[PDB]
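Here is my_file-v8.txt, consisting of compact mmCIF, N, CA and C atoms and all ligand atoms:
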```txt
# COMPACT_ATOMS: atom_id res chain seq x y z
N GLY A 1 21.53 -23.32 -272.19
CA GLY A 1 22.30 -22.99 -271.01
C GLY A 1 23.79 -22.90 -271.23
N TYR A 2 24.23 -22.68 -272.46
CA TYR A 2 25.65 -22.55 -272.77
C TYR A 2 25.87 -21.27 -273.57
N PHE A 3 27.06 -20.70 -273.43
CA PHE A 3 27.44 -19.48 -274.14
C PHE A 3 28.55 -19.81 -275.12
N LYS A 4 28.24 -19.77 -276.41
CA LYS A 4 29.19 -20.10 -277.46
C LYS A 4 29.64 -18.82 -278.15
N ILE A 5 30.96 -18.64 -278.26
CA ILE A 5 31.55 -17.47 -278.89
C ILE A 5 32.36 -17.92 -280.09
N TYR A 6 32.06 -17.36 -281.25
CA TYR A 6 32.84 -17.59 -282.46
C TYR A 6 33.50 -16.28 -282.86
N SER A 7 34.74 -16.34 -283.32
CA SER A 7 35.48 -15.12 -283.57
C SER A 7 36.33 -15.26 -284.82
N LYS A 8 36.66 -14.11 -285.41
CA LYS A 8 37.52 -14.05 -286.58
C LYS A 8 38.18 -12.68 -286.64
N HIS A 9 39.40 -12.65 -287.16
CA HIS A 9 40.21 -11.44 -287.25
C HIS A 9 40.65 -11.25 -288.69
N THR A 10 40.76 -9.99 -289.12
CA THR A 10 41.23 -9.74 -290.48
C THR A 10 41.78 -8.33 -290.58
N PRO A 11 42.66 -8.07 -291.55
CA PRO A 11 43.05 -6.69 -291.84
C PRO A 11 42.14 -6.05 -292.88
N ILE A 12 41.88 -4.75 -292.75
CA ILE A 12 41.03 -4.06 -293.71
C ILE A 12 41.86 -3.07 -294.53
N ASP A 13 32.05 1.10 -293.12
CA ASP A 13 31.15 0.11 -293.68
C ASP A 13 31.82 -1.27 -293.73
N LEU A 14 31.01 -2.31 -293.57
CA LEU A 14 31.54 -3.66 -293.64
C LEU A 14 32.02 -3.97 -295.05
N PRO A 15 33.16 -4.63 -295.20
CA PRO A 15 33.70 -4.91 -296.53
C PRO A 15 32.96 -6.05 -297.22
N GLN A 16 33.16 -6.14 -298.53
CA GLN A 16 32.59 -7.21 -299.33
C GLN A 16 33.55 -8.39 -299.39
N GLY A 17 33.07 -9.56 -299.01
CA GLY A 17 33.88 -10.76 -299.04
C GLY A 17 33.29 -11.83 -298.16
N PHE A 18 33.89 -13.01 -298.23
CA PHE A 18 33.48 -14.15 -297.43
C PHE A 18 34.59 -14.54 -296.47
N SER A 19 34.24 -14.71 -295.20
CA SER A 19 35.19 -15.14 -294.19
C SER A 19 34.41 -15.87 -293.10
N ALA A 20 34.65 -17.18 -292.99
CA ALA A 20 33.93 -17.97 -292.00
C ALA A 20 34.48 -17.70 -290.60
N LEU A 21 33.73 -18.16 -289.60
CA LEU A 21 34.06 -17.93 -288.20
C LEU A 21 34.27 -19.26 -287.50
N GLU A 22 35.39 -19.36 -286.72
CA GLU A 22 35.84 -20.51 -285.95
C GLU A 22 35.37 -20.41 -284.50
N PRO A 23 35.15 -21.54 -283.83
CA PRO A 23 34.72 -21.49 -282.43
C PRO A 23 35.89 -21.42 -281.47
N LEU A 24 35.74 -20.59 -280.44
CA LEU A 24 36.79 -20.40 -279.44
C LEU A 24 36.38 -20.87 -278.06
N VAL A 25 35.27 -20.36 -277.51
CA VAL A 25 34.95 -20.55 -276.10
C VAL A 25 33.51 -21.00 -275.96
N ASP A 26 33.30 -21.99 -275.10
CA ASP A 26 31.97 -22.38 -274.63
C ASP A 26 31.96 -22.29 -273.12
N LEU A 27 31.12 -21.40 -272.59
CA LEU A 27 30.99 -21.20 -271.16
C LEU A 27 29.70 -21.86 -270.68
N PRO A 28 29.77 -22.91 -269.86
CA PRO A 28 28.58 -23.63 -269.41
C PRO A 28 27.83 -22.93 -268.28
N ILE A 29 27.58 -21.63 -268.46
CA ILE A 29 27.04 -20.82 -267.37
C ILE A 29 25.55 -21.08 -267.20
N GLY A 30 24.76 -20.74 -268.20
CA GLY A 30 23.32 -20.92 -268.12
C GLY A 30 22.63 -19.86 -267.30
N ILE A 31 22.69 -18.61 -267.75
CA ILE A 31 22.04 -17.49 -267.09
C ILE A 31 21.04 -16.87 -268.07
N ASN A 32 19.87 -16.50 -267.55
CA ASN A 32 18.87 -15.81 -268.35
C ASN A 32 19.43 -14.46 -268.79
N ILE A 33 19.59 -14.26 -270.09
CA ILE A 33 20.14 -13.03 -270.64
C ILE A 33 19.06 -12.29 -271.40
N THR A 34 18.99 -10.97 -271.18
CA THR A 34 18.02 -10.12 -271.85
C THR A 34 18.63 -8.88 -272.49
N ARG A 35 19.77 -8.38 -271.99
CA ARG A 35 20.38 -7.17 -272.52
C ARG A 35 21.90 -7.35 -272.54
N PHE A 36 22.58 -6.42 -273.20
CA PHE A 36 24.04 -6.44 -273.23
C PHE A 36 24.56 -5.06 -273.57
N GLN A 37 25.84 -4.85 -273.29
CA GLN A 37 26.50 -3.58 -273.58
C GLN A 37 27.99 -3.83 -273.74
N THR A 38 28.68 -2.87 -274.34
CA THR A 38 30.09 -2.98 -274.65
C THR A 38 30.90 -1.98 -273.83
N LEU A 39 32.23 -2.13 -273.90
CA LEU A 39 33.16 -1.30 -273.14
C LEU A 39 34.33 -0.88 -274.01
N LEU A 40 34.68 0.40 -273.93
CA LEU A 40 35.78 0.97 -274.69
C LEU A 40 36.93 1.32 -273.75
N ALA A 41 38.07 1.67 -274.35
CA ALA A 41 39.24 2.13 -273.62
C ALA A 41 39.44 3.60 -273.97
N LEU A 42 38.80 4.48 -273.20
CA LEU A 42 38.86 5.91 -273.48
C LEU A 42 40.26 6.45 -273.25
N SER B 1 15.13 -38.74 -246.14
CA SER B 1 16.11 -38.16 -245.23
C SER B 1 15.42 -37.57 -244.01
N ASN B 2 14.45 -38.30 -243.46
CA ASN B 2 13.70 -37.81 -242.31
C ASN B 2 14.55 -37.73 -241.05
N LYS B 3 15.63 -38.51 -240.97
CA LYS B 3 16.50 -38.49 -239.79
C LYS B 3 17.54 -37.38 -239.83
N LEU B 4 17.65 -36.65 -240.95
CA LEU B 4 18.62 -35.58 -241.07
C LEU B 4 18.04 -34.24 -241.50
N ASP B 5 16.82 -34.21 -242.04
CA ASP B 5 16.20 -32.97 -242.49
C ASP B 5 14.98 -32.59 -241.66
N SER B 6 14.80 -33.20 -240.49
CA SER B 6 13.65 -32.93 -239.64
C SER B 6 14.10 -32.75 -238.20
N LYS B 7 13.29 -32.01 -237.44
CA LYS B 7 13.57 -31.74 -236.04
C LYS B 7 12.26 -31.76 -235.26
N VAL B 8 12.37 -32.00 -233.95
CA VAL B 8 11.19 -32.03 -233.09
C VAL B 8 10.51 -30.67 -233.06
N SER B 9 11.30 -29.60 -232.95
CA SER B 9 10.75 -28.25 -232.92
C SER B 9 10.38 -27.73 -234.30
N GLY B 10 10.77 -28.43 -235.37
CA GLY B 10 10.44 -28.00 -236.71
C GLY B 10 11.61 -27.36 -237.44
N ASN B 11 11.91 -27.85 -238.64
CA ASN B 11 13.00 -27.33 -239.46
C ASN B 11 12.40 -26.36 -240.47
N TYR B 12 12.60 -25.07 -240.24
CA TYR B 12 12.08 -24.02 -241.11
C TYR B 12 13.11 -23.51 -242.11
N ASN B 13 14.30 -24.12 -242.16
CA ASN B 13 15.34 -23.65 -243.07
C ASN B 13 14.92 -23.82 -244.52
N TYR B 14 14.32 -24.96 -244.86
CA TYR B 14 13.92 -25.22 -246.24
C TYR B 14 12.68 -24.41 -246.59
N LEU B 15 12.72 -23.74 -247.74
CA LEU B 15 11.61 -22.93 -248.22
C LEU B 15 11.34 -23.24 -249.69
N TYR B 16 10.10 -23.03 -250.10
CA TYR B 16 9.68 -23.29 -251.48
C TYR B 16 8.87 -22.10 -251.99
N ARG B 17 8.51 -22.16 -253.27
CA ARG B 17 7.75 -21.11 -253.93
C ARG B 17 6.33 -21.58 -254.19
N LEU B 18 5.36 -20.75 -253.82
CA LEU B 18 3.95 -21.08 -253.97
C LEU B 18 3.22 -20.24 -255.01
N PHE B 19 3.65 -19.00 -255.25
CA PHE B 19 2.99 -18.12 -256.20
C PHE B 19 4.03 -17.47 -257.10
N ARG B 20 3.73 -17.40 -258.39
CA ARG B 20 4.60 -16.74 -259.35
C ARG B 20 3.76 -16.24 -260.51
N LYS B 21 4.31 -15.27 -261.25
CA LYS B 21 3.58 -14.67 -262.36
C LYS B 21 3.39 -15.66 -263.51
N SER B 22 4.42 -16.43 -263.83
CA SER B 22 4.36 -17.34 -264.97
C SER B 22 5.14 -18.60 -264.65
N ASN B 23 4.86 -19.66 -265.41
CA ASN B 23 5.53 -20.93 -265.22
C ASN B 23 7.00 -20.83 -265.61
N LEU B 24 7.85 -21.50 -264.85
CA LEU B 24 9.28 -21.46 -265.11
C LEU B 24 9.64 -22.29 -266.34
N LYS B 25 10.59 -21.77 -267.12
CA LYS B 25 11.14 -22.53 -268.23
C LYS B 25 12.04 -23.64 -267.72
N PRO B 26 12.24 -24.70 -268.51
CA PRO B 26 13.10 -25.80 -268.06
C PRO B 26 14.52 -25.32 -267.78
N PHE B 27 15.12 -25.91 -266.75
CA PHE B 27 16.49 -25.59 -266.32
C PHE B 27 16.63 -24.11 -265.99
N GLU B 28 15.78 -23.65 -265.07
CA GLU B 28 15.79 -22.26 -264.62
C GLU B 28 15.67 -22.23 -263.10
N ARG B 29 16.34 -21.26 -262.48
CA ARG B 29 16.31 -21.07 -261.04
C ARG B 29 15.88 -19.65 -260.73
N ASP B 30 14.94 -19.51 -259.79
CA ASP B 30 14.45 -18.21 -259.36
C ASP B 30 14.71 -18.04 -257.87
N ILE B 31 15.36 -16.93 -257.51
CA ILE B 31 15.68 -16.65 -256.11
C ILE B 31 15.15 -15.27 -255.75
N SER B 32 14.24 -14.74 -256.57
CA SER B 32 13.67 -13.43 -256.31
C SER B 32 12.74 -13.48 -255.10
N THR B 33 12.88 -12.50 -254.20
CA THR B 33 12.06 -12.41 -253.00
C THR B 33 11.01 -11.32 -253.11
N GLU B 34 10.71 -10.86 -254.32
CA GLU B 34 9.71 -9.82 -254.50
C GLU B 34 8.32 -10.33 -254.13
N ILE B 35 7.52 -9.45 -253.52
CA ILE B 35 6.18 -9.83 -253.08
C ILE B 35 5.31 -10.08 -254.30
N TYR B 36 4.55 -11.18 -254.26
CA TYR B 36 3.68 -11.53 -255.37
C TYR B 36 2.56 -10.50 -255.52
N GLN B 37 2.30 -10.09 -256.76
CA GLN B 37 1.28 -9.09 -257.06
C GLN B 37 -0.01 -9.81 -257.43
N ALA B 38 -0.74 -10.24 -256.40
CA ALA B 38 -2.01 -10.92 -256.63
C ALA B 38 -3.09 -9.95 -257.07
N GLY B 39 -3.14 -8.77 -256.46
CA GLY B 39 -4.13 -7.77 -256.78
C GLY B 39 -3.57 -6.63 -257.62
N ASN B 40 -4.47 -5.70 -257.97
CA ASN B 40 -4.07 -4.55 -258.77
C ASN B 40 -3.23 -3.57 -257.96
N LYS B 41 -3.55 -3.42 -256.68
CA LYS B 41 -2.80 -2.50 -255.83
C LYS B 41 -1.38 -3.02 -255.61
N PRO B 42 -0.36 -2.20 -255.81
CA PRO B 42 1.02 -2.67 -255.58
C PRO B 42 1.26 -2.99 -254.12
N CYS B 43 2.12 -3.99 -253.89
CA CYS B 43 2.44 -4.41 -252.53
C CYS B 43 3.38 -3.45 -251.83
N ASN B 44 4.07 -2.59 -252.57
CA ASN B 44 5.01 -1.61 -252.01
C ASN B 44 6.12 -2.28 -251.21
N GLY B 45 6.50 -3.50 -251.61
CA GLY B 45 7.56 -4.22 -250.92
C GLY B 45 7.26 -4.55 -249.48
N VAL B 46 6.01 -4.92 -249.18
CA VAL B 46 5.62 -5.28 -247.82
C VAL B 46 4.38 -6.17 -247.92
N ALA B 47 4.21 -7.04 -246.93
CA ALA B 47 3.07 -7.94 -246.91
C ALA B 47 1.78 -7.18 -246.62
N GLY B 48 0.67 -7.76 -247.04
CA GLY B 48 -0.63 -7.13 -246.85
C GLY B 48 -1.69 -7.85 -247.65
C1 LIG C 101 14.53 -13.54 -268.35
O1 LIG C 101 14.39 -12.17 -267.95
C2 LIG C 101 13.37 -11.46 -268.66
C3 LIG C 101 13.41 -10.02 -268.18
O2 LIG C 101 12.11 -9.48 -268.04
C4 LIG C 101 12.01 -12.12 -268.43
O3 LIG C 101 11.02 -11.45 -269.20
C5 LIG C 101 12.07 -13.59 -268.82
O4 LIG C 101 10.85 -14.23 -268.49
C6 LIG C 101 13.22 -14.29 -268.10
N1 LIG C 101 13.33 -15.67 -268.53
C7 LIG C 101 13.66 -16.67 -267.70
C8 LIG C 101 13.72 -18.04 -268.30
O5 LIG C 101 13.90 -16.47 -266.51
```

For this file, write the structure as structure tokens.
Amino acid sequence: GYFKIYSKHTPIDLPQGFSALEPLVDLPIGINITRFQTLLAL
Amino acid sequence: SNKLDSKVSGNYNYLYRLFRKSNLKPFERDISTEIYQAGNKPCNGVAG
């Protein structure tokens, strides 16, 4: 019932290398999730 | 809480669920008012 988001940023197909991810946000929402979609800035 | 959740004429505000397609998972809430599909014929969003 929690939403955990981990994020990482870097300067540059996916590149070859190792880069771990740090935790940023935990949202205690608890909603049944089945699908998702993204949004661009046209 | 019989002195606060009951009335002489009957308190119909509280409602519960009697029929569902599958058992609920732990820590889940369902507020869907869709008609239960007991038979093969669709309910068409109306009692019958
Ligand atoms: C979440 O929604 C999907 C959509 O069909 C459903 O199959 C699943 O049973 C739902 N799970 C819960 C826990 O509500």

* B:33, B:1, B:23, B:6: which is nearest ligand LIG 101 (chain C), counting all atoms listed in the file? -> B:23

* To do: Kindly provide, as an MDAnalysis selection string, all nucleotide and amino acid residues lying within 12 Å of ligand LIG 101 (chain C), counting only C-alpha atoms and all ligand atoms.
  => (chainID A and resid 1 30:35) or (chainID B and resid 20:32)

* **Every residue of chain A that DSSP places in strand (DSSP E or B), as a PyMOL selection string** => chain A and resi 3-7+22-27

* Between CA of residue 9 in chain A and CA of residue 21 in chain A, what is the spacing in Å? ->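 Computing it gives 9.0 Å between the two atoms.
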
* **Point (40.1, -14.8, -289.5), cut-off 9 Å, counting only C-alpha atoms, residues as a PyMOL selection string** => chain A and resi 7-11+19-22

* To do: Enter the distance from CA of residue 47 in chain B to CA of residue 35 in chain B, in Å, rounded to one decimal.
  =>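 Atom-to-atom, CA of residue 47 in chain B and CA of residue 35 in chain B are spaced 7.2 Å apart.
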
* To do: Would you work out the distance separating CA of residue 48 in chain B from atom C of residue 12 in chain B, expressed in Å to one decimal?
  => 21.9 Å
